[PDB]
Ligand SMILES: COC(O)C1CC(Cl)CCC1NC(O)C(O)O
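Just one chain is shown here, as structure tokens, and it is the form solved without the ligand.
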């Protein structure tokens, strides 16, 4: 049938929440693919039963065979080592292997890369998979901004979705948080600062907390995978349902912000044709300087990956 087929290359914790959410949303049939024997079959089985509770009809199957990429409409890559620069060349080899299978089996698939550092790994996969530049993106800004939006919303006592914000350049510690592009119910945050509903010092603390959220969660003896999963699914859904949402993602830069031949975080429009638009924020020189540091770091790590 013409249900979408969504292959999750990597069936760890992020993969398991993604599968759950796809069934909840009835977005398409799911393949949980992993190198680990049998585990993806077990998670798939568990997840499949939830069709009953969710009033859905999505197949959820496990896979240890790359050829199950055949016919994929969407491919979401979480596979890779996480236990530092030394992992860069190992994760490059994984992107290479996956890219070759995408090129062979599903060259028209829309690809979302999650493996860190994402702004590096997405470009490596782009290059090895051969897909068009509008058909591959990395998870970054939707996740990082979810934190900033959420934290401001709790301070202001408003619905989380009503705070909008932009974090660009790269995922990770060089992420560029743009104070000037925060709004609350579409109103500039500065009005709420002028009114003393939130202070500059509070926002600085919230910015630091945002940058350091993954660390804060790890130091609490948990690990971040629920928000990453939800962010990816928001992206995947925008593509699949042709919503044309403006979502901040890692995408190929072709001159925006003065940068070419590299991937970086920026608002894009995701619909049925993939990345339909790349939006270039009209950054000032001070914001562009931080954007430049983010790109420099992506480049440093990209060189080590080879």
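Positions refer to the first chain, counted from 1.
Not pictured, yet referred to below: the form solved in complex with the ligand.
Q: Among the candidate stretches 201 to 209, 188 to 196, 93 to 101, 155 to 163, which one is within 4.5 Å of the ligand in the entry with it bound when only heavy atoms are counted?
A: The contacting stretch here is 93 to 101.
Q: Can you work out which of 233, 79, 184, 177 has a heavy atom no more than 4.5 Å from the ligand in the entry with it bound?
A: Selected option: 79.
Q: Do residue 262 and the ligand share at least one heavy atom pair within 4.5 Å in the entry with it bound?
A: Judged by the heavy-atom cut-off of 4.5 Å, residue 262 is well away from the ligand in the entry with it bound.
Q: Contact with the ligand in the entry with it bound for residue 35, defined as at least one heavy atom pair within 4.5 Å: yes or no?
A: The answer is yes: residue 35 has a heavy atom within 4.5 Å of the ligand.
Q: Along 282 to 297, which positions have a non-hydrogen atom within 4.5 Å of the ligand in the entry with it bound?
A: Counting only heavy atoms within 4.5 Å of the ligand in the entry with it bound, no residue of 282 to 297 makes contact.
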